[PDB]
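Protein chains in written order, with our numbering: chain C, 1 to 74; chain H, 75 to 87. Report on the structure given below.
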């Protein structure tokens, strides 16, 4: 399938190389971790790469299932 | 300027 990249280019769903069997959604905190919450760096991965402390990652196998929720003014 | 969890269009500041 294809995944969007918030961490590399701007944001576009491009097919990924061999290895990541699906897409994913990571979250954490940018350079200063502001009050705007964390970021939303989805992309590709072999499997839900979630880990231990605050690395909150997720997955996405449907078509363009990596569109985090943010396009909307308060 | 990010795709943070509160907007998507690259914001300046």
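From the three backbone atoms N, C-alpha and C, an ideal C-beta is built for every residue, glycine too.
Within chain H, partners of residue i - CB distance below 7 Å
i: residue 25 of chain C; result: The contacting residues do not exist; residue 25 of chain C stays about 11 Å from chain H at best.
i: residue 38 of chain C; result: 79
i: residue 64 of chain C; result: Those do not exist, as residue 64 of chain C stays about 14 Å from chain H at its closest Cβ, beyond 7 Å.
i: residue 70 of chain C; result: 77, 78, 79, 80, 81 and 82
Alpha-carbon to alpha-carbon, residue j and residue i
i: residue 79 of chain H; j: residue 21 of chain C; result: 25 Å
i: residue 5 of chain C; j: residue 23 of chain C; result: 9 Å
i: residue 73 of chain C; j: residue 82 of chain H; result: 10 Å
Cβ of residue i within 9 Å of any chain H Cβ
i: residue 6 of chain C; result: yes
i: residue 20 of chain C; result: no
i: residue 43 of chain C; result: no
i: residue 49 of chain C; result: no
CB contact flag (residue i, residue j, <9 Å)
i: residue 29 of chain C; j: residue 40 of chain C; result: no
i: residue 61 of chain C; j: residue 1 of chain C; result: yes
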